[PDB]
Every structure is written in structure tokens, then in C-alpha cells.
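Note: the block below is final-v3.tsv and it holds TSV, C-alpha atoms (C1' of nucleotides) and all ligand atoms.
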```tsv
chain	number	residue	atom	x	y	z
A	9	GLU	CA	-37.46	26.61	-4.44
A	10	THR	CA	-36.34	30.23	-4.63
A	11	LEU	CA	-32.60	30.32	-4.65
A	12	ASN	CA	-32.74	28.58	-7.97
A	13	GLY	CA	-36.00	30.18	-9.14
A	14	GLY	CA	-35.18	32.34	-12.23
A	15	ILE	CA	-32.95	29.59	-13.57
A	16	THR	CA	-35.71	27.23	-13.28
A	17	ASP	CA	-38.43	29.31	-14.65
A	18	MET	CA	-36.21	30.62	-17.49
A	19	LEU	CA	-35.33	27.08	-18.38
A	20	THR	CA	-39.00	26.07	-18.27
A	21	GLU	CA	-40.01	28.92	-20.49
A	22	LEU	CA	-37.03	27.71	-22.67
A	23	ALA	CA	-38.48	24.18	-22.64
A	24	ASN	CA	-42.09	25.04	-23.23
A	25	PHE	CA	-41.23	26.82	-26.30
A	26	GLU	CA	-39.24	24.02	-28.13
A	27	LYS	CA	-41.99	21.61	-27.33
A	28	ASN	CA	-44.82	23.84	-28.81
A	29	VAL	CA	-43.46	26.41	-31.18
A	30	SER	CA	-40.90	23.88	-32.50
A	31	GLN	CA	-41.30	20.25	-32.48
A	32	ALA	CA	-38.01	19.90	-30.53
A	33	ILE	CA	-39.12	17.00	-28.31
A	34	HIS	CA	-35.57	16.46	-27.13
A	35	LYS	CA	-34.36	20.02	-26.59
A	36	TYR	CA	-37.41	20.27	-24.79
A	37	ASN	CA	-36.91	17.19	-22.77
A	38	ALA	CA	-33.37	18.56	-22.47
A	39	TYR	CA	-34.28	21.84	-20.70
A	40	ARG	CA	-36.59	20.03	-18.32
A	41	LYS	CA	-34.25	17.59	-16.74
A	42	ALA	CA	-31.82	20.48	-16.32
A	43	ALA	CA	-34.57	22.74	-15.06
A	44	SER	CA	-35.25	19.82	-12.76
A	45	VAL	CA	-31.69	19.15	-11.43
A	46	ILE	CA	-30.81	22.77	-11.14
A	47	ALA	CA	-33.91	22.88	-8.87
A	48	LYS	CA	-32.64	20.37	-6.45
A	49	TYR	CA	-29.26	22.03	-6.05
A	50	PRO	CA	-28.98	23.45	-2.54
A	51	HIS	CA	-26.83	26.39	-3.41
A	52	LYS	CA	-27.04	29.52	-5.51
A	53	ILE	CA	-25.89	28.95	-9.04
A	54	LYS	CA	-23.22	31.43	-9.46
A	55	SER	CA	-22.16	30.74	-12.84
A	56	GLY	CA	-22.83	28.48	-15.80
A	57	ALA	CA	-19.67	26.63	-15.09
A	58	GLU	CA	-20.95	25.85	-11.61
A	59	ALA	CA	-24.25	24.70	-13.03
A	60	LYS	CA	-22.41	22.89	-15.64
A	61	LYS	CA	-21.05	20.43	-13.15
A	62	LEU	CA	-24.60	19.24	-13.12
A	63	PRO	CA	-26.21	16.36	-14.79
A	64	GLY	CA	-28.09	17.27	-17.82
A	65	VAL	CA	-26.27	20.36	-17.68
A	66	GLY	CA	-24.49	21.01	-20.88
A	67	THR	CA	-22.65	23.64	-22.67
A	68	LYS	CA	-25.84	24.90	-24.21
A	69	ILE	CA	-27.77	25.62	-21.12
A	70	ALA	CA	-24.75	26.76	-19.03
A	71	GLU	CA	-24.27	29.35	-21.66
A	72	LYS	CA	-27.80	30.33	-21.10
A	73	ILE	CA	-27.43	30.51	-17.33
A	74	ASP	CA	-24.51	32.90	-17.59
A	75	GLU	CA	-26.44	35.30	-19.80
A	76	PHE	CA	-29.33	35.39	-17.42
A	77	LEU	CA	-27.06	35.68	-14.44
A	78	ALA	CA	-24.98	38.35	-15.97
A	79	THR	CA	-27.95	40.45	-17.36
A	80	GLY	CA	-31.41	39.99	-15.86
A	81	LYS	CA	-32.67	38.64	-19.09
A	82	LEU	CA	-32.11	36.45	-22.02
A	83	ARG	CA	-32.33	37.47	-25.70
A	84	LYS	CA	-33.73	34.18	-27.04
A	85	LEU	CA	-36.16	34.52	-24.30
A	86	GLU	CA	-36.80	38.18	-25.23
A	87	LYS	CA	-37.08	37.34	-28.92
A	88	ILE	CA	-39.54	34.37	-28.49
A	89	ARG	CA	-41.68	36.35	-26.08
A	90	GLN	CA	-41.75	38.89	-28.85
A	91	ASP	CA	-42.42	36.38	-31.81
A	92	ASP	CA	-45.95	36.72	-33.16
A	93	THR	CA	-46.13	33.31	-34.58
A	94	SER	CA	-44.83	31.68	-31.56
A	95	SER	CA	-47.22	33.86	-29.56
A	96	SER	CA	-49.89	32.72	-31.79
A	97	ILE	CA	-49.38	29.20	-31.06
A	98	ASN	CA	-49.46	29.66	-27.31
A	99	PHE	CA	-52.77	31.30	-27.57
A	100	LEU	CA	-54.60	28.98	-29.97
A	101	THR	CA	-53.61	26.36	-27.53
A	102	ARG	CA	-56.00	27.60	-24.82
A	103	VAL	CA	-58.75	26.42	-26.96
A	104	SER	CA	-59.95	23.19	-25.69
A	105	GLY	CA	-59.45	20.74	-28.49
A	106	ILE	CA	-56.47	22.62	-29.88
A	107	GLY	CA	-53.06	21.29	-29.12
A	108	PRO	CA	-49.67	22.04	-30.57
A	109	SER	CA	-50.17	20.09	-33.75
A	110	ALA	CA	-53.18	21.94	-34.62
A	111	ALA	CA	-51.95	25.27	-33.29
A	112	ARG	CA	-49.15	25.09	-35.75
A	113	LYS	CA	-51.30	23.87	-38.51
A	114	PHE	CA	-53.73	26.66	-37.92
A	115	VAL	CA	-51.17	29.25	-37.99
A	116	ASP	CA	-49.57	28.13	-41.00
A	117	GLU	CA	-52.99	28.52	-42.65
A	118	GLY	CA	-53.19	32.10	-41.18
A	119	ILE	CA	-55.72	31.46	-38.35
A	120	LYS	CA	-54.00	33.03	-35.37
A	121	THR	CA	-56.91	34.67	-33.63
A	122	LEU	CA	-60.12	33.94	-31.83
A	123	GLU	CA	-61.99	35.60	-34.66
A	124	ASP	CA	-59.76	33.73	-37.10
A	125	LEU	CA	-61.05	30.75	-35.56
A	126	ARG	CA	-64.62	31.72	-35.83
A	127	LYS	CA	-64.45	32.68	-39.51
A	128	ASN	CA	-63.41	29.18	-40.18
A	129	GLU	CA	-65.39	27.07	-37.80
A	130	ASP	CA	-65.50	24.61	-40.57
A	131	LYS	CA	-61.84	23.99	-40.22
A	132	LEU	CA	-62.55	22.88	-36.72
A	133	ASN	CA	-63.70	19.51	-35.18
A	134	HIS	CA	-66.71	19.20	-32.77
A	135	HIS	CA	-64.46	19.27	-29.73
A	136	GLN	CA	-62.70	22.46	-30.79
A	137	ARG	CA	-66.06	23.87	-32.03
A	138	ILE	CA	-67.39	23.60	-28.57
A	139	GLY	CA	-64.17	24.72	-27.07
A	140	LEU	CA	-64.35	27.71	-29.27
A	141	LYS	CA	-67.82	28.30	-28.34
A	142	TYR	CA	-67.12	28.23	-24.63
A	143	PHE	CA	-63.77	29.89	-24.60
A	144	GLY	CA	-64.55	32.52	-21.87
A	145	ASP	CA	-66.52	30.20	-19.58
A	146	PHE	CA	-64.01	27.46	-20.04
A	147	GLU	CA	-61.25	29.56	-18.78
A	148	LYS	CA	-63.34	30.66	-15.80
A	149	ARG	CA	-63.06	29.11	-12.35
A	150	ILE	CA	-65.83	27.19	-10.56
A	151	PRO	CA	-66.85	28.66	-7.16
A	152	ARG	CA	-67.31	25.90	-4.54
A	153	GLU	CA	-70.58	27.67	-3.89
A	154	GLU	CA	-71.46	26.28	-7.35
A	155	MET	CA	-69.53	23.03	-7.01
A	156	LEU	CA	-71.90	22.45	-4.14
A	157	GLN	CA	-75.08	23.19	-6.25
A	158	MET	CA	-73.76	21.06	-9.09
A	159	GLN	CA	-72.69	18.11	-6.97
A	160	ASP	CA	-76.12	18.24	-5.64
A	161	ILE	CA	-77.95	17.76	-8.87
A	162	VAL	CA	-75.48	15.21	-9.90
A	163	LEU	CA	-76.01	13.06	-6.91
A	164	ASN	CA	-79.71	13.35	-7.46
A	165	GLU	CA	-80.02	11.96	-10.82
A	166	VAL	CA	-77.43	9.34	-10.10
A	167	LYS	CA	-79.68	8.14	-7.40
A	168	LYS	CA	-82.98	8.50	-9.38
A	169	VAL	CA	-81.73	6.33	-12.19
A	170	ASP	CA	-80.45	3.58	-10.02
A	171	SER	CA	-80.20	3.71	-6.31
A	172	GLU	CA	-77.38	1.18	-6.40
A	173	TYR	CA	-74.99	3.84	-7.96
A	174	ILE	CA	-72.03	5.42	-6.14
A	175	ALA	CA	-70.82	8.85	-7.21
A	176	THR	CA	-68.07	10.95	-5.87
A	177	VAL	CA	-66.88	14.28	-6.71
A	178	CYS	CA	-63.11	13.97	-6.52
A	179	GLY	CA	-60.50	16.68	-6.93
A	180	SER	CA	-59.60	19.89	-5.00
A	181	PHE	CA	-63.29	20.24	-4.46
A	182	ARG	CA	-63.33	17.10	-2.40
A	183	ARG	CA	-60.30	18.56	-0.63
A	184	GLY	CA	-62.11	21.84	0.49
A	185	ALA	CA	-60.79	24.11	-2.42
A	186	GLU	CA	-62.36	27.59	-2.48
A	187	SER	CA	-62.71	27.04	-6.21
A	188	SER	CA	-62.23	24.48	-8.84
A	189	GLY	CA	-61.58	24.31	-12.60
A	190	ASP	CA	-64.01	21.66	-13.58
A	191	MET	CA	-65.86	18.95	-11.99
A	192	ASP	CA	-64.51	15.46	-11.53
A	193	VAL	CA	-67.16	12.78	-11.11
A	194	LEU	CA	-65.90	9.15	-10.22
A	195	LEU	CA	-68.48	6.56	-10.91
A	196	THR	CA	-69.00	2.95	-9.87
A	197	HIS	CA	-71.57	0.37	-9.47
A	198	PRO	CA	-71.60	-3.11	-7.83
A	199	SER	CA	-72.63	-4.71	-11.06
A	200	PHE	CA	-69.19	-3.61	-12.58
A	201	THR	CA	-65.75	-4.56	-11.50
A	202	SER	CA	-62.51	-6.03	-12.63
A	203	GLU	CA	-63.87	-8.99	-14.71
A	204	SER	CA	-67.84	-8.59	-14.91
A	205	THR	CA	-67.26	-7.57	-18.52
A	206	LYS	CA	-68.83	-4.10	-18.57
A	207	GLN	CA	-72.12	-2.63	-18.83
A	208	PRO	CA	-71.39	0.40	-20.96
A	209	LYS	CA	-74.95	1.29	-20.44
A	210	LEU	CA	-73.96	1.83	-16.76
A	211	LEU	CA	-72.11	4.90	-17.97
A	212	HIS	CA	-74.70	5.60	-20.57
A	213	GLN	CA	-77.82	5.65	-18.31
A	214	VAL	CA	-76.59	8.53	-16.25
A	215	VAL	CA	-75.34	10.71	-19.03
A	216	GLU	CA	-78.67	10.46	-20.55
A	217	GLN	CA	-80.15	11.35	-17.23
A	218	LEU	CA	-78.12	14.53	-16.79
A	219	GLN	CA	-79.09	15.62	-20.26
A	220	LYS	CA	-82.64	14.73	-19.93
A	221	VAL	CA	-82.98	17.32	-17.30
A	222	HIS	CA	-80.56	19.94	-18.85
A	223	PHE	CA	-77.44	19.66	-16.72
A	224	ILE	CA	-75.61	18.11	-19.60
A	225	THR	CA	-75.35	20.34	-22.46
A	226	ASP	CA	-72.82	19.09	-24.79
A	227	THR	CA	-70.83	16.10	-25.46
A	228	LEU	CA	-67.02	16.55	-26.04
A	229	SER	CA	-66.53	12.92	-25.82
A	230	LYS	CA	-68.54	9.89	-24.96
A	231	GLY	CA	-67.20	6.40	-24.59
A	232	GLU	CA	-68.14	3.32	-22.63
A	233	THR	CA	-66.15	4.22	-19.52
A	234	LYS	CA	-65.25	7.81	-19.76
A	235	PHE	CA	-67.67	10.63	-20.66
A	236	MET	CA	-66.26	14.24	-21.07
A	237	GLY	CA	-68.69	17.11	-21.30
A	238	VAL	CA	-70.09	20.65	-20.85
A	239	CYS	CA	-72.77	21.44	-18.07
A	240	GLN	CA	-74.73	24.38	-16.63
A	241	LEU	CA	-76.70	25.36	-13.58
A	242	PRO	CA	-80.26	26.34	-14.29
A	243	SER	CA	-80.19	29.89	-14.85
A	244	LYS	CA	-82.44	31.04	-12.15
A	245	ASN	CA	-85.38	33.35	-12.22
A	246	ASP	CA	-83.55	35.33	-14.79
A	247	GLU	CA	-81.07	38.18	-14.91
A	248	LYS	CA	-78.35	35.61	-14.15
A	249	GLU	CA	-77.46	32.58	-16.18
A	250	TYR	CA	-74.66	30.23	-15.45
A	251	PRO	CA	-71.25	29.95	-17.26
A	252	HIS	CA	-70.54	26.82	-19.29
A	253	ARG	CA	-68.57	24.32	-17.18
A	254	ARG	CA	-66.57	21.35	-18.13
A	255	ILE	CA	-67.45	18.24	-16.43
A	256	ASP	CA	-66.18	14.57	-16.73
A	257	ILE	CA	-67.90	11.33	-15.46
A	258	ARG	CA	-66.18	7.90	-15.37
A	259	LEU	CA	-67.17	4.28	-14.91
A	260	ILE	CA	-65.26	2.20	-12.41
A	261	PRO	CA	-65.22	-1.38	-11.33
A	262	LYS	CA	-66.73	-1.30	-7.91
A	263	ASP	CA	-63.69	-3.20	-6.92
A	264	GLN	CA	-61.48	-0.28	-7.91
A	265	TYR	CA	-63.12	2.84	-6.50
A	266	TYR	CA	-61.48	3.92	-3.22
A	267	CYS	CA	-57.98	3.56	-4.56
A	268	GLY	CA	-59.03	5.67	-7.51
A	269	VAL	CA	-60.99	7.82	-5.33
A	270	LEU	CA	-58.13	8.27	-2.95
A	271	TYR	CA	-55.91	8.96	-5.77
A	272	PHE	CA	-57.87	11.52	-7.90
A	273	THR	CA	-58.61	13.42	-4.68
A	274	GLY	CA	-54.79	14.03	-4.34
A	275	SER	CA	-53.20	16.37	-3.62
A	276	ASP	CA	-50.40	15.45	-6.00
A	277	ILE	CA	-48.03	15.49	-3.01
A	278	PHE	CA	-50.33	13.77	-0.53
A	279	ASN	CA	-50.41	11.07	-2.96
A	280	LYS	CA	-46.80	10.81	-3.58
A	281	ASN	CA	-46.17	10.97	0.08
A	282	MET	CA	-48.76	8.42	1.10
A	283	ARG	CA	-47.52	6.27	-1.69
A	284	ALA	CA	-43.89	6.61	-0.66
A	285	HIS	CA	-44.98	5.29	2.79
A	286	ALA	CA	-46.94	2.33	1.49
A	287	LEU	CA	-43.40	1.19	0.19
A	288	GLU	CA	-41.88	1.06	3.57
A	289	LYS	CA	-45.08	-0.31	5.01
A	290	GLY	CA	-44.58	-3.27	2.58
A	291	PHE	CA	-47.01	-2.00	-0.09
A	292	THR	CA	-47.73	-0.59	-3.50
A	293	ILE	CA	-50.32	1.95	-4.25
A	294	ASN	CA	-51.55	2.94	-7.74
A	295	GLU	CA	-54.65	4.40	-9.24
A	296	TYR	CA	-56.48	1.08	-8.94
A	297	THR	CA	-55.22	-0.98	-6.25
A	298	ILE	CA	-52.88	-1.89	-3.50
A	299	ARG	CA	-50.50	-4.79	-3.56
A	300	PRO	CA	-48.29	-6.33	-0.81
A	301	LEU	CA	-44.58	-6.22	-1.55
A	302	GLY	CA	-42.62	-9.43	-1.83
A	303	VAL	CA	-38.96	-9.23	-0.89
A	304	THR	CA	-37.78	-10.90	-4.30
A	305	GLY	CA	-37.82	-7.37	-5.44
A	306	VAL	CA	-41.53	-7.05	-6.23
A	307	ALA	CA	-44.82	-8.62	-5.78
A	308	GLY	CA	-48.59	-8.80	-6.68
A	309	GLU	CA	-51.89	-9.66	-5.01
A	310	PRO	CA	-54.48	-6.88	-4.69
A	311	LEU	CA	-55.66	-6.30	-1.25
A	312	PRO	CA	-59.47	-5.89	-0.94
A	313	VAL	CA	-60.75	-2.35	-0.39
A	314	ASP	CA	-64.27	-1.24	0.86
A	315	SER	CA	-63.20	2.21	1.88
A	316	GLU	CA	-60.61	5.02	1.86
A	317	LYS	CA	-59.96	3.61	5.35
A	318	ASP	CA	-58.84	0.10	4.29
A	319	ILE	CA	-56.16	1.62	2.26
A	320	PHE	CA	-55.15	3.73	5.35
A	321	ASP	CA	-55.36	0.83	7.78
A	322	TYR	CA	-53.32	-1.22	5.40
A	323	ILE	CA	-50.38	1.14	5.49
A	324	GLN	CA	-51.07	1.77	9.13
A	325	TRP	CA	-51.55	5.47	8.92
A	326	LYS	CA	-53.80	8.11	10.28
A	327	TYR	CA	-57.07	8.51	8.36
A	328	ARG	CA	-56.68	11.87	6.73
A	329	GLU	CA	-59.80	13.80	6.04
A	330	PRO	CA	-59.80	14.94	2.55
A	331	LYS	CA	-59.79	18.53	3.86
A	332	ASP	CA	-56.29	17.93	5.08
A	333	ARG	CA	-55.07	15.63	2.36
A	334	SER	CA	-53.22	18.67	1.11
A	335	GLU	CA	-49.81	17.10	1.50
B	1	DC	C1'	-50.92	6.60	-19.14
B	2	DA	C1'	-55.29	5.46	-20.71
B	3	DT	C1'	-59.17	6.70	-23.23
B	4	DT	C1'	-61.53	8.91	-27.31
B	5	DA	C1'	-61.80	11.17	-32.11
B	6	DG	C1'	-60.76	10.97	-36.48
B	7	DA	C1'	-59.09	10.61	-40.80
C	1	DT	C1'	-54.06	2.22	-38.01
C	2	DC	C1'	-51.98	5.91	-36.23
C	3	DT	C1'	-51.93	10.43	-34.24
C	4	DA	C1'	-53.59	13.92	-31.44
C	5	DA	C1'	-55.76	15.87	-27.21
C	6	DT	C1'	-57.57	15.53	-22.26
C	7	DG	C1'	-56.75	14.42	-17.89
A	401	CA	CA	-22.33	17.36	-16.65
A	402	CA	CA	-55.95	23.41	-25.43
A	403	CA	CA	-60.24	17.55	-13.77
```

Before we go any further, please render this structure as C-alpha cells.
Amino acid sequence: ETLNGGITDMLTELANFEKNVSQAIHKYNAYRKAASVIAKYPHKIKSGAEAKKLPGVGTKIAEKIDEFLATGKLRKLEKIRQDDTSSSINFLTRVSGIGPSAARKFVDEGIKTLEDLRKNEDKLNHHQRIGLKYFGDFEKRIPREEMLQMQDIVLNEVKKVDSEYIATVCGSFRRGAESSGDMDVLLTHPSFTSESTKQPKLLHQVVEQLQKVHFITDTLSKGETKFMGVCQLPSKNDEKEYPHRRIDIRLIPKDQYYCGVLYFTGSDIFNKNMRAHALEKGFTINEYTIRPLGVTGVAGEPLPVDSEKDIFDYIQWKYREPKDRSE
DNA sequence: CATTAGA
DNA sequence: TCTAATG
């Protein structure tokens, strides 16, 4: 957590690069297990050799660890960090829509900058167009203070369209979070679950709503169960307009909410931890359900859930307010 | 790890 | 169809 720190972060930097600047899927995957194992080790790595006794730890990496240990740096690290192309990729990446594949492609064509990107907006897909357009705003954080105003509207239309709807704003938001990155809306309706073969319109109806009134401003992606967009809070009585914010709405079988809700609300650890417990408690938790374990090794049979509570009760735990679902 | 775009 | 990009 800190004794192993530079090794780990060096290693991660090492990994990140192969994966993006190169297409080194393996080397990449290589550095990460290492970076993983070396993280678990309870002592200070004092030398490659030492490290080396580790799993996933090869000659390659060990060599690297010595260099970093010996001198507070790493050339390859120093060189990459320096490398304009490689830089280039890392950057283009921040554009929502742009991934490695495209980063590389773009570069190879000579588009390495924001402006580069603009000049050739034709070279770009709708997603990336939008991304490009909302670059600043997209990178910006969402103050709760706003999360609050937004969740409000959202609940409002939800309700106006059909009163039978159930929306939830999951995420760190739902967990208190002074600020969030984007909003996560989980959606369900009684008239949609497991088998009741859809009602795409269910998703549809509400997106249309949100737009109708101006909350929705762009569509990044719209499908029958998962909508991904751009939104904005009515820029008041002028002098102050709101930044463009990513938002995502998703249809869910009414019979699958709470588990999903539980789940998306995290935190990553709270999850893991609660989950770990459901195992002892003779259960299995996953994004959609909860199944009783059968000694044979495994088992099935989805236990019915009407609330975040059922899931708790099940595993005989203390209801944890989202506030304190931190870990 | 599943959904969407797109070509 | 596959492949990429988001979460
Ligand atoms: Ca070894
Ligand atoms: Ca990106
Ligand atoms: Ca999110």
C-alpha cells in the first residue's frame, strides 16, 4: 500500500503504456499481474532478485525493479514520458469516443491535437464529435449541489410520463459523494422483468420526455435497454449557464432492480466485501440476483427481492445506509 | 461483461 | 460479422 508503492506505480505506468501506445496485450497483462503480486508482498522489495522470487515476476521486470531501486527513476519510463507520439495517444484518449485504436489511427494520420481534431471533424463519428464538442465540460466534475437539482428534474419527468416508474440515481452520489463524474440513472418498471419480453418503449418514453423539456441534449447512444447521453441544467436567469454533463439511463426488469441497485451504488469494496460474506452466509450475489449455495460445489435459484433490505436480511447483515456503504 | 455503433 | 468504446 506504500512500502511497495513506486514499484507498483512504475509497473502500472509500464503496463499502461504497452496496452495503449503499443498493442502489447500480453506485456501489458504481464506488468499488471506483477504490479499486482508485488503489491501484496508484506515486505520492502530490496532488490529485483528478491522480487524475482515472485510469481509473475520475471527477469524482465526484476531488471526494471533494480534500476528504479538503484536510481530513483527508469529510462524507459523517462523516454516514454518524453515520447510525443506516445504522449499523443494518451491525450487523444480523453476524448470520449476515442480509444486506443483510434488514438493510434489518428496519430498516424497526423491528428495529435484538440485542434487537429477539430480541423477534421469529418474524420470523427457522432460519439467522438460530441465528445470533442464537450471536451472541457466532460472532464469537469458534477457538484452534488447539481446532482441534487438534476436528480430532481429526472424524477419529475419519470413520474409525469408514468407514475408506475421507479428511478434511482446510483453511484457515489447515492453514497453521499461531495461530487460526481456523471449521473447514473437505474430504471425499472413492473411491466418489465426477467421474461415479460421487453417494452423498449419503456426506455424510449422517458428519453423522449427528458428531451422534450431540454434536459436531454444529445444522444451518444440509444438502445432498447441502455441510453447514454449528454444533459444540462437550465441556465438560469442568465449570466450563468450549465456545463454539459454525461448522463446514462437503463431499463431493468423490475425483478432485478435492488441487486443492481445495491451493486451500482458500490463502493467497489463494499460490494466485494458484502459479496464475500454472502458466500459464507450460503449465498451468491451478482449484479442481478442472489442465489442460495448448494454444497455440491455450486447452486442456483434466485431468491426474491423487493428491497435493498431483502438482500441484507438474506445474508443476515446490518442494513447499511448508502452513506456508509463506503466499504 | 454486456450493450451499442459501425463499417 | 466483427471490432471498438463505455461503463
Ligand atoms: Ca518466479
Ligand atoms: Ca476516451
Ligand atoms: Ca457512471

Checklist entry - Leaving out residue 5 of chain B and any residue of its chain fewer than 4 positions from it, which residues lie within 10 Å of it when counting all atoms listed in the file, given as number ranges by chain? => result A: 133-135, 228-230; C: 4-5

Next on the checklist: Taking all atoms listed in the file into account and nothing else, which residues of chain A lie no more than 9 Å away from chain C? Please answer as an MDAnalysis selection string.
Outcome noted: chainID A and resid 104:107 109:110 236

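Set the cut-off at 10 Å, count all atoms listed in the file, and the residues of chain B near chain A turn out to be residues 3, 4, 5 and 6 of chain B.
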
Considering only C-alpha atoms (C1' of nucleotides), return as an mmCIF file with C-alpha atoms, in the frame of the given file whatever protein or nucleic-acid residues lie within 9 Å of residue 31 of chain A, sequence-local ones (same chain, fewer than 4 positions apart) excluded.
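Writing done, so here's part_23.cif:
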```
data_model
loop_
_atom_site.group_PDB
_atom_site.id
_atom_site.type_symbol
_atom_site.label_atom_id
_atom_site.label_comp_id
_atom_site.auth_asym_id
_atom_site.auth_seq_id
_atom_site.Cartn_x
_atom_site.Cartn_y
_atom_site.Cartn_z
ATOM 1 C CA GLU A 26 -39.240 24.020 -28.130
ATOM 2 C CA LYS A 27 -41.990 21.610 -27.330
ATOM 3 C CA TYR A 36 -37.410 20.270 -24.790
ATOM 4 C CA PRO A 108 -49.670 22.040 -30.570
ATOM 5 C CA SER A 109 -50.170 20.090 -33.750
#
```

Residues of chain A that have any atom at most 8 Å from an atom of ligand CA 403 (chain A): could you tabulate them with the shortest-distance atom pair and the distance in Å to one decimal, using only C-alpha atoms and all ligand atoms, ordered by chain and increasing number, as CSV?
```
residue,atom,partner,partner_atom,distance
A:179,CA,A:CA403,CA,6.9
A:189,CA,A:CA403,CA,7.0
A:190,CA,A:CA403,CA,5.6
A:191,CA,A:CA403,CA,6.1
A:192,CA,A:CA403,CA,5.3
A:255,CA,A:CA403,CA,7.7
A:256,CA,A:CA403,CA,7.3
```

Checklist outcome for this item: Here atom CA of residue 90 of chain A and atom CA of residue 66 of chain A stand apart by 26.1 Å

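Interatomic distance, atom CA of residue 42 of chain A to atom CA of residue 92 of chain A: 27.3 Å.
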
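One finds atom CA of residue 290 of chain A at 8.9 Å from atom CA of residue 303 of chain A.
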
Next on the checklist: Show me which residues are within 9 Å of ligand CA 401 (chain A) counting only C-alpha atoms (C1' of nucleotides) and all ligand atoms, and format the list as a list in words.
Outcome noted: residues 59, 60, 61, 62, 63, 64, 65, 66 and 67 of chain A

Sel. within 10 Å of pt (-34.9, 28.7, -13.7), counting all atoms listed in the file, output as a PDB file with C-alpha atoms, keeping the file's coordinate frame:
```pdb
ATOM      1  CA  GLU A   9     -37.460  26.610  -4.440  1.00  0.00           C
ATOM      2  CA  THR A  10     -36.340  30.230  -4.630  1.00  0.00           C
ATOM      3  CA  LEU A  11     -32.600  30.320  -4.650  1.00  0.00           C
ATOM      4  CA  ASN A  12     -32.740  28.580  -7.970  1.00  0.00           C
ATOM      5  CA  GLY A  13     -36.000  30.180  -9.140  1.00  0.00           C
ATOM      6  CA  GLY A  14     -35.180  32.340 -12.230  1.00  0.00           C
ATOM      7  CA  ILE A  15     -32.950  29.590 -13.570  1.00  0.00           C
ATOM      8  CA  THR A  16     -35.710  27.230 -13.280  1.00  0.00           C
ATOM      9  CA  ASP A  17     -38.430  29.310 -14.650  1.00  0.00           C
ATOM     10  CA  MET A  18     -36.210  30.620 -17.490  1.00  0.00           C
ATOM     11  CA  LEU A  19     -35.330  27.080 -18.380  1.00  0.00           C
ATOM     12  CA  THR A  20     -39.000  26.070 -18.270  1.00  0.00           C
ATOM     13  CA  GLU A  21     -40.010  28.920 -20.490  1.00  0.00           C
ATOM     14  CA  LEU A  22     -37.030  27.710 -22.670  1.00  0.00           C
ATOM     15  CA  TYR A  39     -34.280  21.840 -20.700  1.00  0.00           C
ATOM     16  CA  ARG A  40     -36.590  20.030 -18.320  1.00  0.00           C
ATOM     17  CA  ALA A  42     -31.820  20.480 -16.320  1.00  0.00           C
ATOM     18  CA  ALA A  43     -34.570  22.740 -15.060  1.00  0.00           C
ATOM     19  CA  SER A  44     -35.250  19.820 -12.760  1.00  0.00           C
ATOM     20  CA  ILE A  46     -30.810  22.770 -11.140  1.00  0.00           C
ATOM     21  CA  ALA A  47     -33.910  22.880  -8.870  1.00  0.00           C
ATOM     22  CA  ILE A  73     -27.430  30.510 -17.330  1.00  0.00           C
ATOM     23  CA  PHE A  76     -29.330  35.390 -17.420  1.00  0.00           C
TER      24      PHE A  76
END
```

Item to check | Polymer residues at most 8 Å from (-66.3, 7.9, -7.8) by all atoms listed in the file, as number ranges by chain | outcome: A: 174-178, 193-196, 258, 260, 265-266, 268-269

Next on the checklist: as a PyMOL selection string, please: the residues near residue 222 of chain A (cut-off 10 Å, all atoms listed in the file, same-chain neighbours under 4 positions excluded).
Outcome noted: chain A and resi 216-218+226+239-242

Write a file of the selected residues as a PDB file, keeping the file's coordinate frame, keeping C-alpha atoms.
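Below is the file that was written, part14.pdb:
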```pdb
ATOM      1  CA  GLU A 216     -78.670  10.460 -20.550  1.00  0.00           C
ATOM      2  CA  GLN A 217     -80.150  11.350 -17.230  1.00  0.00           C
ATOM      3  CA  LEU A 218     -78.120  14.530 -16.790  1.00  0.00           C
ATOM      4  CA  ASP A 226     -72.820  19.090 -24.790  1.00  0.00           C
ATOM      5  CA  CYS A 239     -72.770  21.440 -18.070  1.00  0.00           C
ATOM      6  CA  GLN A 240     -74.730  24.380 -16.630  1.00  0.00           C
ATOM      7  CA  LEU A 241     -76.700  25.360 -13.580  1.00  0.00           C
ATOM      8  CA  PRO A 242     -80.260  26.340 -14.290  1.00  0.00           C
TER       9      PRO A 242
END
```

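With all atoms listed in the file as the atoms that count, the minimum distance from ligand CA 402 (chain A) to the choices A:163, A:70, A:140, A:158 is reached by A:140.
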
Show which residues sit within 12 Å of residue 127 of chain A, as a CSV table (one decimal) with C-alpha atoms, in the coordinates of the input. Count all atoms listed in the file, and ignore same-chain residues fewer than 5 positions away.
```
chain,number,residue,atom,x,y,z
A,118,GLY,CA,-53.2,32.1,-41.2
A,119,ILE,CA,-55.7,31.5,-38.4
A,120,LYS,CA,-54.0,33.0,-35.4
A,121,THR,CA,-56.9,34.7,-33.6
A,122,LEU,CA,-60.1,33.9,-31.8
A,132,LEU,CA,-62.6,22.9,-36.7
A,137,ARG,CA,-66.1,23.9,-32.0
A,140,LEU,CA,-64.4,27.7,-29.3
```

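Taking only C-alpha atoms and all ligand atoms into account, ligand CA 402 (chain A) lies nearest to A:102 out of the set A:48, A:331, A:285, A:102.
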
Checklist entry - A:295, A:332, A:246, A:318: which is nearest residue 2 of chain B, counting all atoms listed in the file? => result A:295
